[PDB]
């Protein structure tokens, strides 16, 4: 097997909760600064509270939900890894900002991982990153990363940091 960053693959579709649809989901930047063509790296508050920067990942704005879909048919994907969280670049100006109800990993229509199980009240700017290290079912065809904004999308700068598949085959 080998590891491949999701950001080094093309998605089938990528939808976000930002009002400006000309902005696009980002590879290897958080959503807002990346659409601004800044060099700002993805960064998250880690389990111990420290901030880590990442070279690789995906940057989106949560939506109802916002969905990134990959066609992983015949690829032999056996594992998915990512940190999940709200990028540090987000601005927690008040309690309505940077509040994400849940993030799911869905494979062929089945939720195989959800933050709701450990974080029933969702993610906030100061929730520590969540380490997702996940077996992927044999013969799977579609994988979707879904981030749910809840009441508003403000500040919902969701990053899939270090997001990568492990795969026995080719995409």
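Residue numbers count along the first chain shown, from 1.
- The stretch 114-122 shows the higher mean C-alpha B-factor when 114-122 is compared against 47-55 in the entry.
- Note on 91-99 vs 78-86: mean CA B-factor is higher in 91-99.
- Sort the chain's modelled residues by C-alpha temperature factor and residue 162 lands in the middle third, per the entry.
- In the deposited entry, the Cα temperature factor of residue 28 places it in the lowest third of its chain's modelled residues.
- Among all modelled residues in its chain, residue 140 ranks in the highest third by Cα B-factor.
- Sorting the modelled residues of the chain by their CA temperature factor places residue 22 in the highest third.
- When the modelled residues of the chain are ordered by their C-alpha B factor, residue 64 lands in the highest third.
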